[PDB]
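Asker: Hey, dropping run_19.csv in here, CSV, C-alpha atoms:
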```csv
chain,number,residue,atom,x,y,z
V,11,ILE,CA,73.9,130.7,61.4
V,12,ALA,CA,75.5,127.6,62.8
V,13,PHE,CA,74.9,128.2,66.5
V,14,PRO,CA,72.1,130.6,67.6
V,15,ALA,CA,73.3,133.4,69.9
V,16,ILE,CA,72.8,132.7,73.7
V,17,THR,CA,70.0,134.6,75.4
V,18,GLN,CA,70.8,136.2,78.8
V,19,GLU,CA,68.3,133.9,80.4
V,20,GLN,CA,70.1,130.9,79.0
V,21,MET,CA,73.2,132.1,80.6
V,22,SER,CA,71.8,132.6,84.1
V,23,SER,CA,70.0,129.3,83.6
V,24,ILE,CA,72.9,127.1,82.3
V,25,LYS,CA,74.5,124.5,84.5
V,26,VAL,CA,78.3,124.6,84.8
V,27,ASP,CA,79.7,122.7,87.7
V,28,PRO,CA,83.4,121.8,87.8
V,29,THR,CA,84.1,118.5,85.9
V,30,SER,CA,86.8,115.8,86.1
V,31,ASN,CA,88.0,113.0,83.8
V,32,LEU,CA,90.0,111.6,86.7
V,33,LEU,CA,87.4,111.5,89.5
V,34,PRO,CA,84.0,109.9,89.7
V,35,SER,CA,81.2,112.3,89.1
V,36,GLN,CA,79.1,113.5,92.1
V,37,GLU,CA,76.2,111.3,90.9
V,38,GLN,CA,78.5,108.2,90.6
V,39,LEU,CA,79.8,108.8,94.2
V,40,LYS,CA,76.1,109.0,95.4
V,41,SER,CA,75.3,105.7,93.7
V,42,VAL,CA,78.2,103.9,95.4
V,43,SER,CA,77.2,105.0,98.9
V,44,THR,CA,73.5,104.4,98.2
V,45,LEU,CA,74.2,100.9,97.1
V,46,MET,CA,76.6,100.4,100.1
V,47,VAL,CA,73.9,101.4,102.5
V,48,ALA,CA,71.5,99.0,100.8
V,49,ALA,CA,74.1,96.3,101.0
V,50,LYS,CA,74.0,96.9,104.8
V,51,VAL,CA,76.9,99.1,105.4
V,52,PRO,CA,75.8,101.6,108.2
V,53,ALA,CA,75.3,105.1,106.8
V,54,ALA,CA,77.8,106.5,109.4
V,55,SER,CA,80.4,104.0,108.2
V,56,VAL,CA,80.4,104.3,104.4
V,57,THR,CA,83.6,106.5,104.2
V,58,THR,CA,85.7,104.5,106.7
V,59,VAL,CA,84.5,101.3,105.0
V,60,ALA,CA,85.3,102.5,101.5
V,61,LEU,CA,88.8,103.3,102.8
V,62,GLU,CA,89.2,99.6,103.5
V,63,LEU,CA,89.0,99.0,99.7
V,64,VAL,CA,91.2,102.0,99.1
V,65,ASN,CA,93.8,100.5,101.4
V,66,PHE,CA,93.7,97.2,99.6
V,67,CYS,CA,94.3,99.1,96.3
V,68,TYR,CA,97.2,101.0,97.9
V,69,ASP,CA,99.1,97.6,98.1
V,70,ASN,CA,97.6,95.7,95.2
V,71,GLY,CA,96.6,98.1,92.4
V,72,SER,CA,93.2,99.6,91.4
V,73,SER,CA,93.2,98.4,87.8
V,74,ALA,CA,90.0,97.1,86.2
V,75,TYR,CA,91.3,93.6,86.4
V,76,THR,CA,93.0,93.7,89.8
V,77,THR,CA,91.8,90.7,91.9
V,78,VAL,CA,90.2,92.1,95.0
V,79,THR,CA,90.4,89.6,98.0
V,80,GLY,CA,89.7,89.3,101.7
V,81,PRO,CA,86.9,90.4,104.1
V,82,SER,CA,85.8,93.9,105.1
V,83,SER,CA,84.9,95.1,108.6
V,84,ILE,CA,81.2,94.3,107.8
V,85,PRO,CA,80.3,90.6,107.9
V,86,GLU,CA,79.0,89.1,104.7
V,87,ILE,CA,80.4,92.0,102.7
V,88,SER,CA,83.9,91.2,101.2
V,89,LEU,CA,86.2,93.8,99.6
V,90,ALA,CA,85.4,92.2,96.2
V,91,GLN,CA,81.7,92.9,96.9
V,92,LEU,CA,82.5,96.6,97.6
V,93,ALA,CA,84.6,96.7,94.4
V,94,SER,CA,81.6,95.4,92.4
V,95,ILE,CA,79.4,98.0,94.1
V,96,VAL,CA,81.9,100.7,93.0
V,97,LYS,CA,81.8,99.4,89.4
V,98,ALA,CA,78.0,99.3,89.5
V,99,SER,CA,77.9,103.1,89.7
V,100,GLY,CA,79.7,103.3,86.4
V,101,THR,CA,83.0,104.7,87.6
V,102,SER,CA,86.2,102.6,87.7
V,103,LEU,CA,87.9,101.3,90.8
V,104,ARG,CA,90.9,103.5,89.8
V,105,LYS,CA,88.9,106.8,89.9
V,106,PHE,CA,87.2,105.8,93.1
V,107,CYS,CA,90.6,105.2,94.9
V,108,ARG,CA,91.9,108.4,93.4
V,109,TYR,CA,89.1,110.3,95.1
V,110,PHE,CA,90.4,109.1,98.5
V,111,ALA,CA,94.1,109.3,97.6
V,112,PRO,CA,94.8,112.1,100.2
V,113,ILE,CA,93.3,110.2,103.1
V,114,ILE,CA,95.3,107.0,102.4
V,115,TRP,CA,98.3,109.2,101.9
V,116,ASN,CA,97.9,110.4,105.5
V,117,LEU,CA,97.2,106.9,106.7
V,118,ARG,CA,100.2,105.1,105.2
V,119,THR,CA,102.9,107.7,104.2
V,120,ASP,CA,106.1,107.4,106.4
V,121,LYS,CA,104.3,104.5,108.2
V,122,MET,CA,103.8,101.5,105.9
V,123,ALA,CA,104.9,101.8,102.3
V,124,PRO,CA,103.1,100.0,99.4
V,125,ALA,CA,103.7,96.3,100.0
V,126,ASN,CA,105.2,95.7,96.5
V,127,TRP,CA,107.2,99.0,96.1
V,128,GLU,CA,110.4,97.1,95.4
V,129,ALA,CA,109.0,94.7,92.9
V,130,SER,CA,107.7,97.8,91.0
V,131,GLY,CA,110.5,100.1,89.9
V,132,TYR,CA,111.0,102.2,93.0
V,133,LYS,CA,114.0,103.5,94.8
V,134,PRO,CA,113.6,103.3,98.6
V,135,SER,CA,113.4,107.1,98.7
V,136,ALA,CA,110.4,107.2,96.2
V,137,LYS,CA,108.7,104.3,98.0
V,138,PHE,CA,105.6,106.2,99.2
V,139,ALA,CA,104.8,107.1,95.6
V,140,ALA,CA,104.4,103.5,94.4
V,141,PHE,CA,100.6,103.3,94.2
V,142,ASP,CA,98.7,103.7,91.0
V,143,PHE,CA,96.4,106.6,92.2
V,144,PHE,CA,99.1,108.7,93.7
V,145,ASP,CA,98.0,111.4,91.3
V,146,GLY,CA,95.0,111.9,93.5
V,147,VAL,CA,97.0,113.0,96.5
V,148,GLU,CA,97.4,116.6,95.5
V,149,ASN,CA,94.0,116.8,93.7
V,150,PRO,CA,91.9,119.5,95.6
V,151,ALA,CA,88.6,117.8,94.4
V,152,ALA,CA,89.7,114.5,95.9
V,153,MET,CA,88.5,113.9,99.5
V,154,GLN,CA,90.8,115.8,101.9
V,155,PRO,CA,92.1,114.8,105.3
V,156,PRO,CA,90.6,116.8,108.1
V,157,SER,CA,93.8,118.9,108.8
V,158,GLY,CA,95.4,118.7,105.4
V,159,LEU,CA,98.2,116.5,104.2
V,160,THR,CA,100.8,115.3,106.8
V,161,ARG,CA,103.3,116.5,104.3
V,162,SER,CA,103.5,117.2,100.6
V,163,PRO,CA,105.0,114.6,98.3
V,164,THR,CA,108.7,115.3,97.5
V,165,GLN,CA,109.6,116.2,93.9
V,166,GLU,CA,111.4,112.8,93.8
V,167,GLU,CA,108.2,111.1,94.7
V,168,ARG,CA,106.2,113.1,92.1
V,169,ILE,CA,108.8,112.3,89.4
V,170,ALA,CA,109.1,108.6,90.4
V,171,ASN,CA,105.4,108.0,89.9
V,172,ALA,CA,105.1,110.0,86.6
V,173,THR,CA,108.0,108.0,85.2
V,174,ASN,CA,106.0,104.9,85.8
```
Just give me the structure of the file as structure tokens.

Answerer:
Amino acid sequence: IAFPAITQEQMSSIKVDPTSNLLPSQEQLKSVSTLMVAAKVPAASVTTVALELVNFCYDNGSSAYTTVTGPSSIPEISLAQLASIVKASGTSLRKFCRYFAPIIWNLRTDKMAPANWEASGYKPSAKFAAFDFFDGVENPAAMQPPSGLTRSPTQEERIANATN
């Protein structure tokens, strides 16, 4: 017998929470905010302050070798510092941004397009798709805006980002 049969107890007892290879784990998220609070970000502000790094990645990329620059709204914590804190939890900057994709979507879509949309391959009509964690926008496990998306992406937007 290769695998012993499962007992009924083992099946009540087994731990099966949804999983993702595209989002940081729950534990990883907790580490990031714990460390953020320790770094002196107010506990109330950790989400809004994270979004500052997310915004930066919306323009500049969220790749493991993207150069994060500039200050955050907390003195003596730069965006680069927050990025390091993110990496300290063992997730990547990309997965972390992806987790907040729907919020930054509501914040920037039809208001201020990715800064470099034209330098990347994009038609003006697919503009709002030109960030590297766009695939997070329609992820239901990603953090959601309080009243849902301001609109869905257009099929042109979905396609434009996939074909990149």

Asker: Any idea what's packed within 9 Å of region 102-109 of chain V, counting only C-alpha atoms, ignoring anything in its chain fewer than 2 positions away? Could you give it as a PDB file with C-alpha atoms, in the coordinates of the input?

Answerer:
```pdb
ATOM      1  CA  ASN V  31      88.000 113.000  83.800  1.00  0.00           C
ATOM      2  CA  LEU V  32      90.000 111.600  86.700  1.00  0.00           C
ATOM      3  CA  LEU V  33      87.400 111.500  89.500  1.00  0.00           C
ATOM      4  CA  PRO V  34      84.000 109.900  89.700  1.00  0.00           C
ATOM      5  CA  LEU V  39      79.800 108.800  94.200  1.00  0.00           C
ATOM      6  CA  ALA V  60      85.300 102.500 101.500  1.00  0.00           C
ATOM      7  CA  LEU V  61      88.800 103.300 102.800  1.00  0.00           C
ATOM      8  CA  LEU V  63      89.000  99.000  99.700  1.00  0.00           C
ATOM      9  CA  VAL V  64      91.200 102.000  99.100  1.00  0.00           C
ATOM     10  CA  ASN V  65      93.800 100.500 101.400  1.00  0.00           C
ATOM     11  CA  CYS V  67      94.300  99.100  96.300  1.00  0.00           C
ATOM     12  CA  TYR V  68      97.200 101.000  97.900  1.00  0.00           C
ATOM     13  CA  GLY V  71      96.600  98.100  92.400  1.00  0.00           C
ATOM     14  CA  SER V  72      93.200  99.600  91.400  1.00  0.00           C
ATOM     15  CA  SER V  73      93.200  98.400  87.800  1.00  0.00           C
ATOM     16  CA  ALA V  74      90.000  97.100  86.200  1.00  0.00           C
ATOM     17  CA  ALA V  93      84.600  96.700  94.400  1.00  0.00           C
ATOM     18  CA  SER V  94      81.600  95.400  92.400  1.00  0.00           C
ATOM     19  CA  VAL V  96      81.900 100.700  93.000  1.00  0.00           C
ATOM     20  CA  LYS V  97      81.800  99.400  89.400  1.00  0.00           C
ATOM     21  CA  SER V  99      77.900 103.100  89.700  1.00  0.00           C
ATOM     22  CA  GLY V 100      79.700 103.300  86.400  1.00  0.00           C
ATOM     23  CA  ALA V 111      94.100 109.300  97.600  1.00  0.00           C
ATOM     24  CA  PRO V 112      94.800 112.100 100.200  1.00  0.00           C
ATOM     25  CA  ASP V 142      98.700 103.700  91.000  1.00  0.00           C
ATOM     26  CA  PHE V 143      96.400 106.600  92.200  1.00  0.00           C
ATOM     27  CA  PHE V 144      99.100 108.700  93.700  1.00  0.00           C
ATOM     28  CA  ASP V 145      98.000 111.400  91.300  1.00  0.00           C
ATOM     29  CA  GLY V 146      95.000 111.900  93.500  1.00  0.00           C
ATOM     30  CA  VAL V 147      97.000 113.000  96.500  1.00  0.00           C
ATOM     31  CA  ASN V 149      94.000 116.800  93.700  1.00  0.00           C
ATOM     32  CA  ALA V 151      88.600 117.800  94.400  1.00  0.00           C
ATOM     33  CA  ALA V 152      89.700 114.500  95.900  1.00  0.00           C
ATOM     34  CA  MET V 153      88.500 113.900  99.500  1.00  0.00           C
ATOM     35  CA  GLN V 154      90.800 115.800 101.900  1.00  0.00           C
TER      36      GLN V 154
END
```

Asker: Quick one: residues within 12 Å of residue 120 (chain V), only C-alpha atoms counted, chain neighbours fewer than 5 positions away excluded, as a list in words?

Answerer: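 Once the adjacent positions are removed, what remains is residues 114, 115, 134, 135, 136, 137, 138, 139, 160, 161, 162 and 163 of chain V.
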
Asker: From the options V:141, V:132, V:113, V:89, which residue's atoms come nearest to residue 77 (chain V), counting all atoms listed in the file?

Answerer: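 Using all atoms listed in the file, the shortest distance to residue 77 (chain V) belongs to V:89.
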
Asker: Do you have the CA of residue 49 (chain V)-CA of residue 69 (chain V) distance handy?

Answerer: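 Distance between the two atoms: 25.2 Å.
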
Asker: One decimal, Å: what's the distance from CA of residue 133 (chain V) over to CA of residue 70 (chain V), could you say?

Answerer: 18.2 Å

Asker: Determine the nearest neighbour of residue 37 (chain V) from the options V:83, V:116, V:170, V:101, counting all atoms listed in the file.

Answerer: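 Comparing V:83, V:116, V:170, V:101 against residue 37 (chain V), the winner is V:101.
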